[PDB]
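First up is the structure itself, then whatever we jot down about it.
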Amino acid sequence: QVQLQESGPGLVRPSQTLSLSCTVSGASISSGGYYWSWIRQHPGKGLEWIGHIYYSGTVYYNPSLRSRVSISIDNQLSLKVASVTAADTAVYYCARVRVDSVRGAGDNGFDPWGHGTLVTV
Amino acid sequence: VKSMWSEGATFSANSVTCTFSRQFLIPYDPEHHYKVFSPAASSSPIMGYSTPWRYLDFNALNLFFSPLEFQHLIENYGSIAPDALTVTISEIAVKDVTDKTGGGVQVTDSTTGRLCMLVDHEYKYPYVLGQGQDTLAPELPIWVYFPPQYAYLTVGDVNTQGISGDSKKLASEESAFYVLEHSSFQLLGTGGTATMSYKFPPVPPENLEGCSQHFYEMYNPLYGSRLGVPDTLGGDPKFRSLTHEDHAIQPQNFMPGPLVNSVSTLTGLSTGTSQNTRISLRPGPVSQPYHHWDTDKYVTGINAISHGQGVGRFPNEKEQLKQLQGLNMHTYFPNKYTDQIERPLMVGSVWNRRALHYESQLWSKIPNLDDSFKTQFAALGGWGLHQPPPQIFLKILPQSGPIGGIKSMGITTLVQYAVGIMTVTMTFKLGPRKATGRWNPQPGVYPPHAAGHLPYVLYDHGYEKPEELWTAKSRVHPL
Amino acid sequence: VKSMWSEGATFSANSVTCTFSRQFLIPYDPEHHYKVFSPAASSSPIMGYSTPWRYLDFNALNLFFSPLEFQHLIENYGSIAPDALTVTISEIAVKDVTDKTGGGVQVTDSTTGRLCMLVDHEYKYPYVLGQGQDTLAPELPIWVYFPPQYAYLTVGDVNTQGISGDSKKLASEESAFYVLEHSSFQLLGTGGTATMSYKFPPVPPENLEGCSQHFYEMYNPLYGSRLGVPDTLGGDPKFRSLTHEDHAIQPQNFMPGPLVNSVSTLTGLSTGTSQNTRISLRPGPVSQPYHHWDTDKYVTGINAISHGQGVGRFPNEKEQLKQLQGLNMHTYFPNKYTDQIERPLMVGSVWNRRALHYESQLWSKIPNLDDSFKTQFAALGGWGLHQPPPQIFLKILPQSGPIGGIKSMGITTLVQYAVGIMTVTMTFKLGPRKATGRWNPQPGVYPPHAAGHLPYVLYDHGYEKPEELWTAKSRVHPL
Amino acid sequence: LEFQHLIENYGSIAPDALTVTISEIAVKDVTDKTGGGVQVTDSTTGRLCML
Amino acid sequence: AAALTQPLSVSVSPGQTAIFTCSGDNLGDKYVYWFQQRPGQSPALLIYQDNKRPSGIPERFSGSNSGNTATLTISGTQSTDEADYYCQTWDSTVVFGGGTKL
């Protein structure tokens with residue numbers, strides 16, 4: 001089994017760098033083809049996707065939140081969303097997708113999720 | 001006139017003509033865009049283009065030869081080199097789905113749809129055929145081929161835009177956008193046929209025969225040596241002669257070949273910048289083994305490729321462990337001994353090759369940049385040549401109705417797909433087997449297995465390939 | 001050009017040319033796999049392969065001859081031997097079902113689907129045609145032929161894995177996996193035609209005429225015998241001469257033929273290991289009857305095959321009961337009498353044959369293992385020959401759409417089936433009838449029946465065959 | 001090696017010709033050294049009856 | 001196919017029908033057999049070869065087999081048809097279904 005545990009800093013309102021981390025238990029992350037996503041969910045609204053990253057540095061982002069967030073890997077799965085003048089606090093999940101074969105359409109979905117952390121802003 | 005599905009090899013004392021036939025399927029593209037990329041690496045990123053075309057990749061050797069025909073190839077001949085190649089696209093049945101809306105799919109047949117076929121005889125478009133990727137052909141002639149989508153990488157201009165470190169290769173003046181619809185296009189409707197007819201350059205053979213002699217042991221085991229070997233060092237040499245028992249200090253007139261990072265058990269051996277850019281040169285050069293059999297077990301190397309499965313499917317290079325190569329082979333220097341793992345080129349040298357097997361490539365491509373050495377034989381198996389067999393690109397068409405005058409009625413790409421038959425023939429100039437006044441029965445030619453699980457045969461998708469690769473050097477030369 | 005359905009025999013003083021035509025139907029295979037087996041016997045198991053192909057089996061005699069034509073064959077000629085065979089696959093209408101989803105089935109017509117036809121002129125694949133199984137052809141020309149699926153047994157390696165005694169024949173190095181898609185394949189679309197054109201070897205005839213004389217009674221019934229017969233035994237012989245009444249001790253110059261386990265009423269006669277492996281050699285040799293008529297009833301044998309129905313449909317071998325064969329025929333020896341049921345070969349011998357009938361085979365195959373004796377005539381009827389008429393294998397194609405680019409849309413084998421017409425002609429070299437200065441009317445040629453239920457005719461699937469088989473020896477020789 | 005090449009390449013065998021040549025003959029004679037025992041010179045007048 | 005799908009239970013009243021589902025991959029080109037198992041008793045061959053019924057089974061049972069599913073329709077269910085109904089095919093060994101509890 002593979003489980004994903006998060007790390008929540010708490011709450012900072014006046015525009016500081018929101019830092020998170022997701023240590024993966026059960027299997028290492030530099031062991032093959034698996035994306036590592038960061039997914040939001042507003043309380044009372046649908047899910048929202050920030051971006052995912054491969055272990056070799058390549059990272060896809062959301063086009064709406066492109067110039068604010070930053071995913072990184074030091075076997076930690078960090079997230080460094082800044083410019084929090086818009087009060088988005090919602091919820092931060094971690095999720096893993098198996099990398100598809102043809103690169104065109106997604107062959108797999110987010111089967112192992114994290115437990116979820118509640119950030120406040 | 002007779003329409004035939006052709007398959008089978010016909011041997012001679014000269015060349016063998018081996019043809020196979022598969023059923024291909026040009027699937028669909030709901031968008032005929034070009035779809036650049038958006039990689040956006042963060043640590044030199046990549047930059048590509050996704051063409052809406054389908055090429056086909058018949059590169060490997062296990063398609064032209066049946067296992068019985070490969071066994072007949074190994075136990076009878078002593079060389080192999082290709083000299084001709086024709087690719088015929090047989091009966092085409094481009095058809096359209098009508099979307100039963102309650103059944104979901106109803107496939108009638110279309111006589112007005114076509115299949116755009118382009119052959120790149122001028123090498124105008126980038127060549128992605130010979131790199132060893134998981135879309136080649138079915139190994140058995142009963143399965144359906146799905147040919148891969150065409151795409152390529154270019155060179156752009158690395159920027160740094162983001163927050164922390166986000167790089168992205170944007171388009172430069174050297175970057176290129178090859179639209180394949182600026183070409184000649186055999187349009188190739190229902191029932192149409194088309195050929196390619198390539199002719200291979202003169203390539204050196206692959207010598208499917210081992211050796212019954214070590215290269216460093218080619219002397220008379222009696223009689224000693226006419227020359228001498230030092231005894232004392234430090235300015236007063238005092239050389240002594242040799243007897244017939246001096247085997248570890250016998251002077252050789254030819255050195256062994258290079259062993260640049262041959263070790264045993266990431267990125268392997270790798271060039272690049274400081275510690276993290278580090279692109280891999282994974283399966284070594286062609287002069288090195290990455291799997292053989294030492295006195296107890298199988299040694300497997302850092303620089304190995306798996307060819308499937310995992311545990312791995314590696315070719316047993318027993319003909320490199322013989323002639324002074326191998327994995328943990330250090331070289332020693334008496335400099336004021338220095339254990340080195342890298343062996344240099346050493347002006348007079350012989351290193352025979354990494355052996356070809358049943359599932360190896362045939363060609364890759366020597367890149368258009370100049371001053372190659374030696375590059376007559378590529379890694380991952382195969383030859384590798386300037387002007388390789390050209391790529392056959394296969395789009396279908398974007399038939400784009402209906403409209404109604406103003407409206408965007410329907411789907412406007414309606415839906416179409418094309419099935420067909422590709423019959424690929426290739427002739428291999430075989431050389432005669434080398435002579436031996438041997439008196440011993442040569443070792444038999446059978447693919448390696450362990451116990452119970454036999455090689456290529458159906459079991460209770462059924463058909464299973466052996467654990468080790470079926471190499472091609474099993475008869476002796478005699479050097 | 002005229003498209004014809006040909007049927008009917010044309011007699012001559014020389015050979016007769018008998019053609020028939022049926023409608024075949026290559027049904028479908030939802031999986032084009034090879035599907036090895038999983039028998040797993042528990043007491044030498046079997047091991048097979050299930051090819052996705054369709055061969056056709058026109059082996060029997062009741063297809064080339066109508067009952068009127070067989071009656072004209074028996075009452076006019078005195079020998080029969082085939083010399084030519086052509087098999088034409090006429091008009092092909094490969095079509096596809098569209099699955100009405102509320103009706104269930106709607107059959108349109110497909111012009112892009114094809115029918116892979118392979119003729120095995122080289123005898124590369126195993127021959128399963130002449131063994132007498134329940135898929136031959138319809139007896140009447142109005143019914144539709146469904147040709148059987150191709151499959152074969154091989155030799156493997158018997159293991160013992162399980163709990164109690166479970167054996168299973170796994171694959172060995174001698175086992176073989178004949179994929180039929182390594183061949184030449186007349187692809188044979190809609191409206192296409194294809195032929196075979198076999199030529200039979202010189203085979204000995206079948207002599208459709210009985211005898212009006214016992215072979216052991218060929219002497220003058222007067223005049224006695226020039227030779228003598230012993231009276232006393234024990235070292236003092238005292239031979240005596242013979243008179244014309246000594247019929248039970250008349251010396252014969254030719255012996256009868258062998259009678260290896262001819263008895264009356266499981267496995268029959270059988271070889272094998274101790275008591276339980278015991279494969280059966282069921283219908284004896286060809287030199288033996290298994291059904292005739294003694295003074296009261298019909299004797300029916302252990303070694304009999306039924307040919308239908310049960311009560312059985314056996315050929316009345318009245319021409320073997322005549323010439324010193326039959327079921328309960330013991331041989332006696334005066335060794336210091338020993339009743340034996342087996343009769344040996346007895347260097348000068350004559351045993352004429354088990355007679356051919358209206359529903360018998362024509363060929364089987366003599367197996368490729370060497371040193372045959374006599375094997376010119378097989379059991380179950382027929383000739384049996386090296387290089388028999390080749391098998392015509394008929395797959396359709398796996399047209400495998402649609403996809404949609406990534407998706408596994410639809411069924412991907414869509415659904416297809418092919419109807420057609422096979423017109424098979426065969427010529428039989430007939431010999432002229434043997435001469436008789438007889439003065440008696442020879443017995444009439446009619447198939448045997450009992451009361452009310454007439455032979456081949458429609459009654460209130462209607463059409464009924466007689467209780468006994470219609471044998472072919474009803475005119476006399478006169479030996 | 002030739003028998004192995006025979007088995008793995010062909011599927012039948014049957015002889016059709018045979019020649020037996022008796023080459024260079026060196027019929028010689030022993031002279032019985034009587035102290036050595038045996039001394040073999042060479043004889044040009046001795047022959048070898050072949051039937 | 002090699003894994004037959006069948007729901008848990010169905011609810012019916014006297015005077016109507018109760019149609020069940022026996023899902024399966026490519027079940028249209030296969031034979032499906034239905035078995036009536038009253039409680040405390042062995043099963044009985046209800047409907048064989050997707051349409052046929054034996055003499056011991058009354059003429060109110062009928063089935064179908066189309067596409068990827070095979071249904072069993074009871075016409076006028078009485079107060080004795082409360083039995084587990086299993087669908088069974090042959091994917092080269094034998095494949096039994098789950099069972100619609102009526």
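Ligands are numbered from 1 in the order shown, chains are lettered A, B, ... in the order of the structure tokens, and residues start at 1 in each chain.
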**Item:** All residues 12 Å or closer to segment 44-47 of chain A, only C-alpha atoms, same chain fewer than 3 positions away omitted, as a PyMOL selection string
**Value:** chain A and resi 38-41+50+90-93
Would you save the residues of that selection, restricted to N, CA and C atoms, as a JSON list (two decimals), in the first residue's frame?
[["chain", "number", "residue", "atom", "x", "y", "z"],
["A", 38, "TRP", "N", -1.08, 18.34, -7.05],
["A", 38, "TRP", "CA", -1.58, 19.16, -5.95],
["A", 38, "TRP", "C", -2.96, 19.65, -6.35],
["A", 39, "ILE", "N", -3.98, 19.31, -5.57],
["A", 39, "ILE", "CA", -5.37, 19.49, -5.97],
["A", 39, "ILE", "C", -6.11, 20.23, -4.86],
["A", 40, "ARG", "N", -6.80, 21.31, -5.22],
["A", 40, "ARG", "CA", -7.60, 22.10, -4.29],
["A", 40, "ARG", "C", -9.08, 21.72, -4.37],
["A", 41, "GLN", "N", -9.82, 22.12, -3.34],
["A", 41, "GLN", "CA", -11.27, 21.91, -3.31],
["A", 41, "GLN", "C", -11.89, 22.98, -2.42],
["A", 50, "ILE", "N", -3.97, 22.23, -9.38],
["A", 50, "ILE", "CA", -2.89, 23.22, -9.41],
["A", 50, "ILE", "C", -1.83, 22.79, -10.41],
["A", 90, "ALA", "N", -8.53, 26.99, 0.42],
["A", 90, "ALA", "CA", -9.55, 25.95, 0.46],
["A", 90, "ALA", "C", -9.22, 24.64, 1.15],
["A", 91, "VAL", "N", -8.39, 23.82, 0.51],
["A", 91, "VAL", "CA", -7.94, 22.52, 1.00],
["A", 91, "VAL", "C", -6.84, 22.10, 0.04],
["A", 92, "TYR", "N", -5.82, 21.39, 0.51],
["A", 92, "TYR", "CA", -4.73, 20.98, -0.37],
["A", 92, "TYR", "C", -4.51, 19.48, -0.27],
["A", 93, "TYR", "N", -4.88, 18.77, -1.34],
["A", 93, "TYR", "CA", -4.67, 17.34, -1.46],
["A", 93, "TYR", "C", -3.39, 17.06, -2.24]]
**Item:** Long-range neighbours of residue 25 of chain B as a PyMOL selection string, 9 Å cut-off, only C-alpha atoms, 2 positions minimum in chain
**Value:** (chain B and resi 23+27+144-147+417-421) or (chain C and resi 400-403)
**Asked** Which of these, D:1, D:26, D:7, D:51, has the shortest distance to chain B once you count only C-alpha atoms?
**Response**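 Nearest to chain B: D:1.
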**Message:** Env of residue 390 of chain C: 7 Å cut, atoms = only C-alpha atoms, seq-sep filter 3 positions within chain, self excluded. Answer as a PyMOL selection string.
**Reply:** chain C and resi 119-121
Mind writing the picked residues with C-alpha atoms as a PDB file, in the first residue's frame?
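Saved as out-v6.pdb:
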ATOM      1  CA  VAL C 119      -4.177 -24.638 -50.064  1.00  0.00           C
ATOM      2  CA  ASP C 120      -1.558 -26.885 -48.481  1.00  0.00           C
ATOM      3  CA  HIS C 121       0.166 -28.333 -51.535  1.00  0.00           C
TER       4      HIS C 121
END
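Residues with any atom within 12 Å of residue 77 of chain E, counting only C-alpha atoms and excluding same-chain neighbours fewer than 3 positions away, are residues 11, 12, 13, 14, 15, 16, 17, 18, 19, 58, 59, 60, 61, 73, 74, 80, 81, 82, 83 and 102 of chain E.
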List every residue of chain C that has an atom at most 12 Å from any atom of chain E, giving for each one its closest atom pair and the distance in Å to one decimal, counting only C-alpha atoms, sorted by chain and then by ascending residue number, as a tab-separated table.
residue	atom	partner	partner_atom	distance
C:27	CA	E:29	CA	11.5
C:28	CA	E:29	CA	9.6
C:29	CA	E:29	CA	9.2
C:30	CA	E:29	CA	7.5
C:31	CA	E:26	CA	10.0
C:35	CA	E:92	CA	9.6
C:36	CA	E:92	CA	11.3
C:37	CA	E:92	CA	9.4
C:38	CA	E:92	CA	9.1
C:39	CA	E:93	CA	10.6
C:98	CA	E:67	CA	11.4
C:99	CA	E:67	CA	8.2
C:100	CA	E:67	CA	10.4
C:101	CA	E:67	CA	8.2
C:102	CA	E:66	CA	9.4
C:103	CA	E:66	CA	9.8
C:104	CA	E:66	CA	6.9
C:105	CA	E:66	CA	9.5
C:410	CA	E:67	CA	11.5
C:411	CA	E:26	CA	8.7
C:412	CA	E:26	CA	11.5
C:413	CA	E:26	CA	11.1
C:414	CA	E:26	CA	11.8
C:415	CA	E:29	CA	10.6
**Asked** Within 8 Å of residue 23 of chain E, counting only C-alpha atoms, which residues qualify if same-chain residues fewer than 4 places away don't, as a PyMOL selection string?
**Response** chain E and resi 4-6+27+68-70
Write out as a short mmCIF file (atom, residue, chain, number, x, y, z; two decimals) with C-alpha atoms, in the first residue's frame the set of residues from segment 170-371 of chain C that DSSP, computed on the backbone, places in strand (DSSP E or B).
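Wrote out11.cif, looks like this:
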data_model
loop_
_atom_site.label_atom_id
_atom_site.label_comp_id
_atom_site.auth_asym_id
_atom_site.auth_seq_id
_atom_site.Cartn_x
_atom_site.Cartn_y
_atom_site.Cartn_z
CA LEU C 170 3.12 -30.13 -21.72
CA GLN C 186 -5.38 -16.24 -51.82
CA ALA C 194 -10.19 -20.19 -56.57
CA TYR C 198 -5.25 -32.27 -57.51
CA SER C 225 -7.03 -86.15 -55.92
CA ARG C 226 -3.64 -87.32 -57.16
CA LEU C 227 -2.01 -86.83 -53.75
CA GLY C 228 -2.50 -88.58 -50.43
CA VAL C 229 -3.57 -87.88 -46.84
CA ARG C 240 -3.93 -93.44 -48.35
CA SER C 241 -5.26 -92.02 -51.61
CA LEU C 242 -8.40 -89.91 -52.02
CA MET C 255 -4.26 -70.51 -47.71
CA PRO C 256 -6.79 -68.00 -46.36
CA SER C 270 -6.33 -53.04 -28.28
CA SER C 280 -8.24 -49.13 -29.46
CA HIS C 292 -22.43 -60.82 -42.08
CA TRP C 293 -25.42 -63.16 -42.17
CA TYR C 298 -26.90 -61.28 -38.32
CA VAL C 299 -23.59 -61.74 -36.48
CA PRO C 315 -22.28 -53.39 -44.31
CA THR C 331 -8.04 -72.52 -36.77
CA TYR C 332 -6.92 -75.90 -35.47
CA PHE C 333 -3.51 -77.43 -34.98
CA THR C 338 -5.48 -76.42 -30.07
CA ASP C 339 -8.37 -74.07 -30.85
CA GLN C 340 -6.96 -70.69 -31.90
CA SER C 349 -2.76 -66.34 -48.90
CA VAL C 350 -5.80 -64.51 -50.33
CA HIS C 357 -20.25 -49.22 -49.81
CA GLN C 361 -14.49 -42.95 -47.39
#
Long-range neighbours of segment 104-118 of chain A as a PDB file with C-alpha atoms, in the first residue's frame, 6 Å cut-off, only C-alpha atoms, 4 positions minimum in chain:
ATOM      1  CA  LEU A   4       0.574  10.191   1.214  1.00  0.00           C
ATOM      2  CA  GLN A   5       0.822  12.483   4.252  1.00  0.00           C
ATOM      3  CA  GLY A   8       0.172  22.285   6.966  1.00  0.00           C
ATOM      4  CA  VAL A  91      -7.940  22.516   1.001  1.00  0.00           C
ATOM      5  CA  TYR A  92      -4.731  20.982  -0.368  1.00  0.00           C
ATOM      6  CA  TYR A  93      -4.666  17.336  -1.463  1.00  0.00           C
ATOM      7  CA  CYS A  94      -1.816  15.326  -2.909  1.00  0.00           C
ATOM      8  CA  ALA A  95      -2.541  12.838  -5.661  1.00  0.00           C
ATOM      9  CA  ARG A  96      -0.631  10.442  -7.883  1.00  0.00           C
ATOM     10  CA  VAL A  97      -1.267   9.517 -11.523  1.00  0.00           C
ATOM     11  CA  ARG A  98       0.438   6.810 -13.531  1.00  0.00           C
ATOM     12  CA  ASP A 100       0.283   7.438 -19.766  1.00  0.00           C
TER      13      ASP A 100
END
